[PDB]
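# Fold and geometry: a report
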Amino acid sequence: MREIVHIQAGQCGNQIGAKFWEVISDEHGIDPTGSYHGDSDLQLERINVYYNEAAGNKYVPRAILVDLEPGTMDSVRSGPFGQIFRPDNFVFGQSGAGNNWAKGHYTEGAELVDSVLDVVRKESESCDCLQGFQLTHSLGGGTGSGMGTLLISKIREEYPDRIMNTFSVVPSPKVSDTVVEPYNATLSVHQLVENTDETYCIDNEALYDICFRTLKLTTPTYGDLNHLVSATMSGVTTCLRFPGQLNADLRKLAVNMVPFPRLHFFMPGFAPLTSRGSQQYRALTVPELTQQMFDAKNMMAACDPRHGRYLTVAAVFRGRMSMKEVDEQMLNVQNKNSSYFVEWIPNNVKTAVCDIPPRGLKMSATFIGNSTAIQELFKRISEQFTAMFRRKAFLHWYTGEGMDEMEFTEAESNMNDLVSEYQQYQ
Amino acid sequence: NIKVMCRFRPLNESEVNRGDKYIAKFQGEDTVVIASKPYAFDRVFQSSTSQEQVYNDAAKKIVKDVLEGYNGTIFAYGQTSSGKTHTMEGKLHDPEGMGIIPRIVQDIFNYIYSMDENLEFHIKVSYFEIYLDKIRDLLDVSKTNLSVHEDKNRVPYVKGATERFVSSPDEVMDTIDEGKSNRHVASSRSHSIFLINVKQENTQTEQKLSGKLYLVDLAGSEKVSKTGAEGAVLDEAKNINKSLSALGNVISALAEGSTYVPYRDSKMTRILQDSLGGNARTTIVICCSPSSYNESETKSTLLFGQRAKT
Amino acid sequence: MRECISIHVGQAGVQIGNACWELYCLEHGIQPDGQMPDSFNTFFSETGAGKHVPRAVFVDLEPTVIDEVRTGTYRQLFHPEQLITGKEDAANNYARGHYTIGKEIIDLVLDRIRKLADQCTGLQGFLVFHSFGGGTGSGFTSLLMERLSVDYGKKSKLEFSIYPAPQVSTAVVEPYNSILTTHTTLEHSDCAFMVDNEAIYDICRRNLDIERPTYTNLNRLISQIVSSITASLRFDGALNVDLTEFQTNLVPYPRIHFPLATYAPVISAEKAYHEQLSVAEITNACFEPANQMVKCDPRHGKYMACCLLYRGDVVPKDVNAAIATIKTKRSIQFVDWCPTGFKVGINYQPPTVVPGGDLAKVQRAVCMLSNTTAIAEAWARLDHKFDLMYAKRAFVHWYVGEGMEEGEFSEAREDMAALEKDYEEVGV
Ligand SMILES: Nc1nc2c(ncn2[C@@H]2O[C@H](COP(=O)(O)CP(=O)(O)OP(=O)(O)O)[C@@H](O)[C@H]2O)c(=O)[nH]1
Ligand SMILES: Nc1nc2c(ncn2[C@@H]2O[C@H](COP(=O)(O)OP(=O)(O)OP(=O)(O)O)[C@@H](O)[C@H]2O)c(=O)[nH]1
Ligand SMILES: [Mg+2]
Ligand SMILES: [Mg+2]
């Protein structure tokens, strides 16, 4: 019940969702062969929400994989927990978007999306009653952003009455991996604002700094970043998969953090994050996790929360806690930082708790803040967009493939109005 | 600025035998009292006042301003058997007590025939609905999922609207009837927007002026917990109530002098992003049956007017 | 002959039901599997030979809390029909749990309550547990109270509802749902016992000496309260107090039926030996502002009526002596138009103690239910929160998108204002 299908597009989205299936399978005791070898029955109590039962008690994901290059498919098949996936859900082209939103939203994406759409129809009819979807993509390139945007548009045309998720990795300005990040990012945000229901604005430089300083690791590879994102993703939907003393599924988090339909871009976070040496010099307790997640230097979005106000903040704890301690510490944080937390929304905190923590820790937590610092992100990108749009740089690629300048102008206008939204509630 | 002007229709013989009471109390000339509580307005037009004074007080200044290049807008609203069809069109050809829309159209065509010969007053008209959040088109059976786009001057508009020229009131009436033939009605279950675009072209000065004027026939806010609806009607009620509360929030943001106005939360407020903001008059006309049998729903209607001023 | 059905809505209601039915199965001596190795009829039926099924109906839309009971230790006591389960939760939304999702489930629970009331013969009243914050416990309970009042109407419908606190609160959108369901809390219910969580936190911190109390202890305490209410039905005391007599002596006017409760003595085992818990001490402790179930100082309010449901080793003489001491104290001030605002109740059965529980084994006990005006203060600050939510229209479009309207918000706020006005009028 309340099943979820995990759409997963782009190279970065493929890697992130692969690590997500890794961490979620480690918690359900699912071997590389898709077979169960766990201990507690609470694992299999809600296996059907993500996975699906097949011949021989083999549980397979309800996950669609999407790309315009078969190299990522080769990687996911050859990498660990590749055989768990269903081969029919592999939907790959051959062109490659090449950081061109137009190619991955008009020409190649429009021709390829029929297969993905039929496949998600099949996966949505096989269940009993789903609740919401999950798109895992990136706003930098054209494959992920464009394909996921076209796809989620078609979905909201088909299923407008289901909660929707987008676990986006926005491109930071300092970590410049490509040149046309502002174009693709803004052109995708023009559609994520009006189609999605809740978006998590993960950021690259954020996770880099978290792995440099909070964990004190010397060589942060993409595996570690993806593991952080995977812990974040699994921490959110633990209420569906397991019991608890106060449950909170996706729709509850949405309706307890989305005051208006457009103010649904959230910065996530995770705790407790500890290094190797400092793992002993750290007492796992609710005040510790609390003051560790609200720290600006434990955030997965490159936007200082101190520079803005919090509107809504959902803390989804995981462990056999005492609810009095939880509510007391969250109240004390709301009191100590009354200037940051907004005033016309009393009880800015939403809380959720479960009993089964991740495999390895005694307790854990998860953080979803709807701060107003997000505007800074949509400020910085916008500047870059103008700097690239004033002189019409790199535009003939988008123009020759089917776009027009007016769509760029509309995306900029909508994004500026979103910045104004986040400004006025400060 | 915005100005709400409420109307209470006369009672009909169908419920005089029913034994209903006239439970609509008045104070001054701009405040009603219902259920021993006052609801304020700007004008509260009564059962006795005919269409002429209501028209002269509500729609005259709008047409006077839009002919000078500005933009105007009108919001009709009401439940079933509330006086919408009587107030907006009512009589078709009778110049005595006919509705508002024919009077606007005839005033446009009577102003155009009083000007100089060097002014080509082009008159475009569009007529499109908003159903289940989809912008259908009532002048075309194929264009069922239209969308909104902007222009260089940040003036939204439907891309692909089946525009149609006109040169007389009868053509306008025929177009309105042809559009209403396809309107989703069980009882209106869909917002309708009739746009009138008056492009006046001055040849001596070489300046053009396009005045846009919206006739919005809203749908009915329906507490579905009472009605017991199931199926598509439920989703229709959901989307209708969403659009209505979004419009209310927008109008409250306007009249409260807020620095920002969230026009982009609903398509019906996206299309109207220009005609309400600044130099654009607007008048909201709500029709109500003051009978006690329709008291409960009437409260909601009055409250929809109260989310205009305060 | 007597009987009383118990409805349990939301995660709060279901977990309170777990705790309560644990208490019930323990008091009557009944094993978890129903087998009993007269008095149980007030809450338990009898499935022929060697079985006792309860007079309960667990309703909820989150399948997790109900499946926790279908697999829990009490999987054998209940049978799968009383354990109703939806598919998609209300998700902290009044409207979803009121009409959108509620219509899929309510026919079945109403059919079950018809099958469960036609089994008994002397039904005394219902018991509806729900939190004002959640979507299910507000909307579905409003709908259910409406349907029952249309069907039964006359039967004493009670609801021992959790109430969100002003500071210690878990969800963002609780004031909305609370104000929305106060309408049905007024018109259809008969006497509701509001309960706050932070009060129980403070009681567990001070007396029981637990620094880290979770919801299980709260639920055990509330179960003790309900057992104190219903021991006048279950067992036979020297001075019985039925629910109709209870309501008559406690509910003067038809709208003033929200008495806040309080239970005593609540103390740990190590603290029990030092304190001689006589009748006078436990009777005096209940009137203290610190031992109440809701955040409100009674010293700024005036009691109109209150019932003292003593149970255990009690004799009326020291009861009347302690009552005289209370009536002489000036800080505990009563309203003028009620010279005798006490309805004493004695019962022979002492309160039990659950294995693994935080309470101690005592011989005397009290459950005072003071009908006061000081509770209105909570509503005031609640309304304050609602105002801060309402003027800016936070989270409105979610409820609007499921059928709800602005007019319902306005009407509910007006009605709560009129209710506070009524309490403020009857005070003088
Ligand atoms: N947080 C992470 N970012 C990654 C990871 N792998 C790649 N990337 C980053 O994602 C950004 C580009 O996304 P992709 O590699 O998926 C290129 P995309 O699929 O969007 O379309 P094409 O350019 O046509 O290949 C870029 O900033 C990468 O540095 C990862 O594992 N984690
Ligand atoms: N005293 C006590 N309070 C509880 C308990 N469980 C939940 N509460 C409170 O219940 C409130 C939230 O309401 P819920 O019951 O969880 O929500 P719901 O009724 O299930 O409706 P949905 O969330 O939409 O599924 C919160 O204020 C909790 O603190 C409990 O076991 N004991
Ligand atoms: Mg790519
Ligand atoms: Mg719930």
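## Description of the environment of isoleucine 100 of chain B
All names here are of chain B. Tracing the sequence through the fold places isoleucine 100 in the loop between α4 (84-88) and α5 (101-112). A relative accessible area of 3% places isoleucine 100 in the buried class. When the C-alpha atoms of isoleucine 100 and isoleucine 130 are compared, they prove to be 22 Å apart, with 30 residues separating the residues in sequence. With residues near it in sequence (within four places) discarded, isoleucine 100 still touches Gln51, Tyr55, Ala59, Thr87, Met88 and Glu89.

## Structural notes on the site of ligand 1
All names here are of chain A. Neighbouring residues of ligand 1: 15 residues in total, closest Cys12, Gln15, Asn99, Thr143 and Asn226. At 2.8 Å, a side-chain N or O of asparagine 99 approaches an oxygen atom of ligand 1. Here a nitrogen atom of ligand 1 sits 3.2 Å away from a polar atom, N or O, in the side chain of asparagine 204. For ligand 1, whose accessible area on its own is 650 Å², the fraction buried by protein is 89%. For the shell around ligand 1, the secondary structure elements donating two or more residues are α1 (11-28), α5 (143-158) and α8 (222-236). Ranked by residue count, the leading element in the shell around ligand 1 is α1, at three residues. Residue classes in the shell around ligand 1 are distributed as three nonpolar, 11 polar and one charged.

## Thoughts on α8 of chain A
Residues and elements named next belong to chain A. For α8, with 15 residues, the first-to-last C-alpha span of 21 Å sits near the 21 Å given by 1.5 Å per residue. Most of α8 sits out of view: 11 of its 15 residues are buried. For α8, the set of buried residues is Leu225, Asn226, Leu228, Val229, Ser230, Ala231, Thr232, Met233, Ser234, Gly235 and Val236.

## Points about the environment of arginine 164 of chain B
Residues and elements named next belong to chain B. Locating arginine 164 in the fold gives a position in strand β10 (residues 164-165). A residue is classified by how much of its surface remains accessible, and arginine 164, at 26% relative accessible area, is partly exposed. Taking the C-alpha atoms as reference, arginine 164 lies 47 Å from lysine 37; in sequence the two are 127 residues apart. Within polar-contact distance, the side chain of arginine 164 engages the side chain of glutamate 178 at 3.0 Å.

## Re the packing of aromatic side chains
Enumeration over the complete set of coordinates arrives at 49 aromatic pairs over all chains. On the basis of an interplanar angle of 55° and a centroid distance of 5.7 Å, the ring pair of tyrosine 176 of chain C and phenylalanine 409 of chain C is categorised as tilted. Of the two residues, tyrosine 176 of chain C is situated in helix α6 (residues 174-187) and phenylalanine 409 of chain C in helix α15 (residues 406-427); the sequence distance between them amounts to 233 residues. We note that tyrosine 176 of chain C, like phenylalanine 409 of chain C, is buried. One aromatic cluster is present, formed by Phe20, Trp21, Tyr50, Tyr51 and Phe85 of chain A through successive ring pairs.

## Focus: the UniProt feature "binding site: Mg(2+)" in chain A
Residues and elements named next belong to chain A. In the numbering used here, UniProt assigns the feature "binding site: Mg(2+)" to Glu69. Mapped onto the fold, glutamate 69 is located in the loop between β4 (63-67) and α3 (70-78). Sequence-distant contacts of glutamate 69, that is, excluding residues within four places in its chain, are made with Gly93 and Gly96.

## Observations concerning the pattern of salt bridges
All names here are of chain C. Summed over all chains, the structure comprises 45 salt bridges over all chains. Across the pair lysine 115 and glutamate 81 runs a salt bridge, and its minimum N-O distance is 2.2 Å. Residue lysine 115 is found in helix α4 (residues 106-117), and its partner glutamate 81 is found in the loop between α2 (63-71) and α3 (94-100); the two are separated by 34 residues along the sequence. Judged by its relative accessible area of 42%, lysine 115 falls in the partly exposed class. Taking the shortest distance from any N to any O, the salt bridge between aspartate 111 and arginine 114 comes out at 3.9 Å.

## A short note on the UniProt feature "binding site: ATP" in chain B
Residues and elements named next belong to chain B. Per the UniProt record, "binding site: ATP" is annotated on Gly78, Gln79, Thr80, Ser81, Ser82, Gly83, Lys84 and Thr85. Within the secondary structure layout, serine 81 lies in the loop between β6 (72-77) and α4. In this structure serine 81 touches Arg9 and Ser289, once residues within four positions along its chain are discounted. The exposure class of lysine 84 is buried, given its relative accessible area of 12%.

## Here's the deal with the domain arrangement of chain A
All names here are of chain A. Split into domains, chain A comes out as domain 1 (1-259), domain 2 (260-373) and domain 3 (374-426). Here the C-alpha centre of domain 2 lies 23 Å away from the C-alpha centre of domain 1. Counting each side, the surface lost to burial between domain 1 and domain 2 is near 3,500 Å², with a carbon and sulfur contribution of 68%. Together, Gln245, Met257 and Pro259 form the three largest contributors to the area buried by domain 1 at its contact with domain 2, with a combined 18%. Run the count over domain 1 and domain 2 and you get one salt bridge.

## Observations concerning the site of ligand 2
Around ligand 2, the structure places 24 residues, and the nearest of them are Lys252 of chain A together with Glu62, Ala91, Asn92 and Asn219 of chain C. What surrounds ligand 2 is not a single chain but chains A and C. Here an oxygen atom of ligand 2 sits 2.8 Å away from a polar atom, N or O, in the side chain of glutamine 15 of chain C. Here ligand 2, which alone exposes 660 Å², has 96% of that area covered by the protein. Spatially, ligand 2 is embedded in the largest cavity. Of all the secondary structure elements, the ones that give two or more residues to the shell around ligand 2 are α1 (10-27), α5 (136-151) and α8 (215-234) of chain C. Among the residues making up the shell around ligand 2, the classes are represented as seven nonpolar, 12 polar and five charged.

## Looking at the side chain of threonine 199 of chain A
All names here are of chain A. Relative to the assigned elements, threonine 199 resides in strand β8 (residues 198-203). Overall, the relative accessible area of 2% leaves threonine 199 in the buried class. In contact with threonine 199, not counting residues within four places along its chain, are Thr166, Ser168, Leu192, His264, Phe265 and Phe266.

Analysis parameters
- Residues numbered from 1 in each chain as written, not as in the entry; some residues may be left out.
- Chains lettered and ligands numbered in written order.
- Heavy atoms only, no water.
- Residues with missing side-chain atoms left out of burial classes, pairs and counts.
- Helix = DSSP H or I, 4+ residues; strand = E, 2+ residues; numbered from the N terminus.
- Buried < 20%, exposed > 50% of the residue type's maximum accessible area, 1.4 Å probe, protein only.
- Contact = heavy atoms within 4.5 Å.
- Near = heavy atom within 4 Å.
- Polar contact = N/O pair within 3.5 Å; in protein donor to acceptor, adjacent residues only side chain to side chain.
- Areas by Shrake-Rupley, 256 points an atom, 1.4 Å probe, with all protein chains shown as cover.
- Nonpolar A, V, L, I, M, F, W, Y, C, P; charged D, E, K, R; others polar.
- Expected span 1.5 Å × (residues − 1).
- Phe/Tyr/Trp six-rings, centres within 6.5 Å; stacked < 30°, edge-to-face > 60°.
- UniProt positions renumbered as here; feature names shortened; annotations may be inferred.
- Salt bridge = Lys/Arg side-chain N within 4 Å of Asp/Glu carboxyl O.
- Domains from an automatic or database assignment.
- Buried area = accessible area lost by both parts, 1.4 Å probe.
- 1 Å grid on protein atoms, 1.4 Å probe; cavity = no way out; pocket = protein on both sides within 12 Å on 5 of 7 lines; lining within 4 Å.
- Sits in = over half its atoms within 2 Å of the grid points.

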